[PDB]
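Letters A, B, ... mirror the listed sequences (proteins, then strands); counts begin at 1.
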Amino acid sequence: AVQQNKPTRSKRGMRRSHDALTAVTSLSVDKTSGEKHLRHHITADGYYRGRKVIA
Amino acid sequence: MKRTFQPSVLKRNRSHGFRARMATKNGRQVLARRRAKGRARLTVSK
Amino acid sequence: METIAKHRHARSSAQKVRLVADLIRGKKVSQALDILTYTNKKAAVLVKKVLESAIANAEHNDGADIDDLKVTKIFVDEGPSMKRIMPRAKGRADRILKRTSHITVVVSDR
Amino acid sequence: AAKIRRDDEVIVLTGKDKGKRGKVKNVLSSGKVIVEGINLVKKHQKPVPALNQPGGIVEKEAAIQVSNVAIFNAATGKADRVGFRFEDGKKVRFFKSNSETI
RNA sequence: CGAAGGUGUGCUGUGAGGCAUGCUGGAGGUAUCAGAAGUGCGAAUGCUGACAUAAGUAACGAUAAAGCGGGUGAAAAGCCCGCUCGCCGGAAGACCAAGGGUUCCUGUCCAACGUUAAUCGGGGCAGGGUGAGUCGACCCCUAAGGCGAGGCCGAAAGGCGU
RNA sequence: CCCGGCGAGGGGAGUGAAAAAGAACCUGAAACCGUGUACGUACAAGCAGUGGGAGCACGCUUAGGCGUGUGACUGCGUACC
């Protein structure tokens, strides 16, 4: 099955109106090192909730 | 599945080579036509 | 003062890069860098490199200050396409397009 | 034969250096000459570790069309044209303003 | 002191059209009256090039299968080292002839090629590698068949044969 | 000189009458794809225009007007060969 008429750029835009991305609301700050990280994740230096975990 | 081209150098040369073309009056006509057109390769022989 | 930076003949589709470009239009530079660091997309790396180049140009060639900069303009345009051949069934061949884009970022202090 | 030759004294007829004087350094087969101190350009030269040569911006002469120079006549202080004639058994050049051998 | 061409604006004739001028361009244009035509395009499932739609949709090629630690690196699910697991074994192992022709080994690079990433490759670039009295070819001998001095036959070209 | 992987790509300085003359290089049309501004659109039914017509924004102004963009509501109206 295939189209009988060619769709328009207006309809292309209307269909695409649900494709936008969402950004992270906010980041968290560790209490000992001061770094920013994703909530419930460890930092890039190896801290989580104030304690060093990975050397 | 088996296809149509099955190579063999001896058979190629005995069928379309320079000496085979020279052995007959029509082969010489093929060679004259190809020289008149100005081809870079005249027969199949290396 | 406005400062420009560009990436031309980038290997990606304009439609795909615009999704990431739309996240940082009109923000402060620090906020924008934080946003880009946590987007799981391939276009984010390219856009981030271009933004960093623009900031360095504003510091070195125009005597600007980092704390006062904002992303005043950003856009993506289409580039040339490379053409390739892909075989299909029953001896029929199709055409493949490999699309590219140009990326432009403008930072300003006003 | 040729009317302009190496080691001559010439004056410039056209271009930005119109009016200056100099000497001919060498003659090229395309119809151009290199005159000393005339038609200078600034070249951006890249360094090369081999040959022990650094880079920089250099000034050097560029070739100029031969029909844009004239042979200088010190007696009159003016530009001139050249002609050819046989004197003893040899060809020679001579000035056309006063018919004097060069 | 700005030609043709490209792009806006103002005026003008019943129409096909005409005139003036701002920006772009960087060296050509042509009155009037006459003369000659490859002289005007929306259609021919017309011819050649460029670009859309479906759509960021189908698919990424045998259901033999992977886990973890260290190394290098701008970056490692796929490269290198180590331990464990799984699959073939009259083959999915080892070797010749035919066919191909540098794909072989070492160093260096990641644009394009590899249906994904690639630090990796049968990819790019440069250098190296094939040593015979006894292995093969050439050489001596003939099969089916081919060519064939003189010869027989056929308008020519040619056919069959010692 | 600077950002970047001793990348690709870019910003300055310098050359030249000119670099939107930078090697993918004279001029640079159209289809097709974007960024910014003004106005319209989430109770409304069809070849998408034509006649009538509020309101909003903007330039003149001889303060009397006019021009230019958009166009709610309403009569008529089923492409071309």
Do me a favour and sort the pucker of F:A8 into north or south by its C1'-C2'-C3'-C4' torsion.
-> north
Just name whichever nucleotide pairs with E:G38, Watson-Crick or G-U, keeping both distances under 3.5 Å, else none.
-> none
Complementary nucleotide for E:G151 - Watson-Crick or wobble, under 3.5 Å = E:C160
Report yes if the base rings of F:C47 and F:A48 sit with centres under 5.5 Å apart and an interplanar angle under 30°; otherwise report no.
-> no
A:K6 has its side chain closest, among F:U35, E:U53, E:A54, to E:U53
Under the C1'-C2'-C3'-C4' criterion, what is the pucker of the sugar in E:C113: north or south?
-> north
Is any NZ, NE, NH1 or NH2 atom of the basic residue among D:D80 and D:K96 found under 4.0 Å from an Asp or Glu carboxylate oxygen of the other?
-> no
Adjacent bases E:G46, E:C47 meet stacking criteria of 5.5 Å and 30° = yes
Pairs under 3.5 Å (Watson-Crick or G-U), crossing ones as [ ], inter-strand ones as |: RNA chain F comes out as (((.....))).....................................((((..((..(......)..))..)))).....
Answer yes or no: side-chain N or O of C:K49 and base N or O of F:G7 forming a donor-acceptor pair under 3.5 Å.
-> yes
Judged by the sign of the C1'-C2'-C3'-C4' torsion, with positive meaning north and negative meaning south, the sugar of E:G89 is north
Do E:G133 and E:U134 stack, judged by ring centres under 5.5 Å and ring planes under 30°?
-> yes
Mind checking the CD1-OH spacing from A:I42 to A:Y47? Nearest 0.5 Å is all I need.
-> 12.0 Å
Would you call C:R92 and C:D94 a salt bridge, taking side-chain N to carboxylate O under 4.0 Å as the test?
-> yes
Considering Watson-Crick and G-U wobble pairs with both distances under 3.5 Å, what does E:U108 pair with?
-> E:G124
Of all the nucleotides listed (F:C33, F:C3, E:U115), which has the minimum atom distance to the side chain of C:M86?
-> E:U115
For F:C32, does OP1 or OP2 lie under 4.0 Å from any side-chain N or O of A:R9?
-> yes
For E:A137, the nucleotide meeting Watson-Crick or G-U wobble distances (both under 3.5 Å) is none
Is a donor-acceptor contact shorter than 3.5 angstrom present between the side chain of C:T3 and the base of F:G11?
-> no
To the nearest angstrom, how far is C:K42 atom NZ from E:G56 atom P?
-> 19 Å
Report the nucleotide, chosen from F:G10, F:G12, F:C3, that has the shortest atom-to-atom distance to any side-chain atom of C:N61.
-> F:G12
Note: E:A111 sugar, classed by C1'-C2'-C3'-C4' (positive north, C3'-endo side; negative south, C2'-endo side), is north
Does E:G69 pair with anything, Watson-Crick or G-U wobble, both distances under 3.5 Å, and if so, with which nucleotide?
-> E:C81
Does the side chain of B:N26 come under 3.5 Å of the side chain of B:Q29 through a donor N or O and an acceptor N or O?
-> yes
In this structure, are over 12 heavy atoms from other groups packed under 6.0 Å from B:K11 atom NZ?
-> no
Can the ring centres of C:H102 and C:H7 be said to be less than 6.0 Å apart?
-> no
With distance as the sole criterion, is a donor-acceptor pair present between the side chains of A:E35 and A:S33 under 3.5 Å?
-> yes
Determine, with a yes or no, whether F:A8 stacks on F:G7 under the 5.5 Å centre and 30 degree plane limits.
-> yes
Checking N1-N3 plus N6-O4 or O6-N4 for Watson-Crick, or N1-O2 and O6-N3 for wobble, each under 3.5 Å, the partner of E:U7 is E:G22
Any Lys/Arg nitrogen of D:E59 or D:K43 sitting under 4.0 Å from an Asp/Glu carboxylate oxygen of the other?
-> no
Provide the Watson-Crick or G-U wobble partner of E:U142, both distances under 3.5 Å; none if there is no partner.
-> none
